[PDB]
Amino acid sequence: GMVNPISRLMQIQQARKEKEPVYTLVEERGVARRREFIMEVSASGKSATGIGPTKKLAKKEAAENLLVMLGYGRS
Amino acid sequence: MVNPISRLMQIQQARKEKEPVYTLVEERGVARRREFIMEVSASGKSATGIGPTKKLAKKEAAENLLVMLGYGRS
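Sequences listed follow chains B and A, in order. Counting in the deposited numbering, the final residue of the first sequence is number 91, and the numbers go up one at a time with none missing. Residues 18 to 48, 49B, 50 to 91, numbered by the deposited numbering, are exactly what the second sequence covers, in order.
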């Protein structure tokens, strides 16, 4: 389908033999059609957040933002 | 069990908005494992979905659009 940033980050951490990423729910907020989730991910000494209308979409955004922070580029 | 195509159609009708528009994007894959890519637009947003038949891809596209529009899964 498309590159899953959760999987991409997991595979990078495995190749580095480093601790696997840790995901944390930060918040569920919003009324009616504006309901959204804020997720956080930490790996390799950095952390990032992401937002989406489901927990899994927010998790993917967090992983994508962390991959960018770690210097691995968008994907 | 709920058909997301029907759910999205009914929501658009109740909002008095334009009905959803579906577009076949691609058919790929391999042997029996077909991969159909469908796109749907409604209510100012669009989404894609993938499935082993056109109808399953259509349902996935509608489901992804319903989520994008804030109506939740299913």
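Where is the CB? At the ideal position from N, CA and C, for every residue including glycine.
Its Cα nearest to that of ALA74/A, the residue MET55/A stands out among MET55/A, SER23/A and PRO21/A. Straight through space, the alpha carbons of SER63/A and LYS71/B are spaced by roughly 20 Å. Within the DSSP bridge table, the entry for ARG51/A names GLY46/A as partners. In its chain, beyond the 5 residues on either side, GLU80, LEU83 and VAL84 have a beta carbon closer than 8 Å to the beta carbon of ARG90/B.
When DSSP states are grouped into helix, strand and coil, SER63/B belongs to the strand group.
Within chain A, the residues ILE67 have their CB atoms less than 7 Å from the CB of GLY17/B, given in chain order.
Straight-line spacing of the CA atoms in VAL42/A and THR65/B works out to 32 Å. The three-state reading of DSSP puts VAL84/A in helix, counting H, G and I together. Take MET18/A, set aside five residues on each side of it, and no residue of its chain has a beta-carbon closer than 7 Å to its own.
Looking from the CA of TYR39/A, the closest CA among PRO21/A, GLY87/A and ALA48/A belongs to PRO21/A.
Within the same chain, Cβ atoms closer than 6 Å to the Cβ of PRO69/A are found at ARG51, the five residues on either side in sequence being excluded.
Under DSSP, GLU56/B forms a beta bridge with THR40/B and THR65/B. If you ignore the 5 residues before and after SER58/B, its C-beta comes within less than 6 Å of the C-beta of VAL38, all in its own chain and listed in chain order.
Straight through space, the alpha carbons of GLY87/A and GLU77/A are spaced by roughly 16 Å.
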